[PDB]
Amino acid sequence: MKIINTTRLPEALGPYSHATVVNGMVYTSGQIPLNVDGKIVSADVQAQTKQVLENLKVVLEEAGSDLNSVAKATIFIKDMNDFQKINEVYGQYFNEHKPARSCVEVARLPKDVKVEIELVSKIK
């Protein structure tokens, strides 16, 4: 069991970590579109999707993995009408390597963000 916490990201306040690594796999926390100051970056859903994926890129790096090693993503979104915008940004991060995915519209996310994404990835 390894605990992954990096000051390269907005701190996990309270009782969670950015990721764990266990049995050769990285389990990330859900990322939301905060910058390193813990501010929501934009109201724009594309901009939020980018911040999320950038944050996750960092977690994967710090955990000993990368984007091309991701097995599964779960995308929780506030509006399914944003799906095409989100998908466009997501497809910039997952271009050649295409993980398994689920995407659902939830009722509400932390801090009223529009998109939250969690990954399961293999250690390199």
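Throughout, we count residues from 1 along the sequence that is shown.
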Exercise. Would you tell me which stretch averages the higher CA B-factor in the PDB entry, 37-45 or 66-74?
Key: 37-45
Quiz item: 88-96 versus 53-61: which one carries the higher mean Cα B factor per the record?
Solution: 88-96
Quiz prompt | Of the residues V104, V113, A19, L9, the one carrying the largest Cα B-factor as recorded | solution = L9
Quiz item: Sorting the chain's CA B-factors, does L13 end up in the lowest, middle or highest third?
Solution: highest
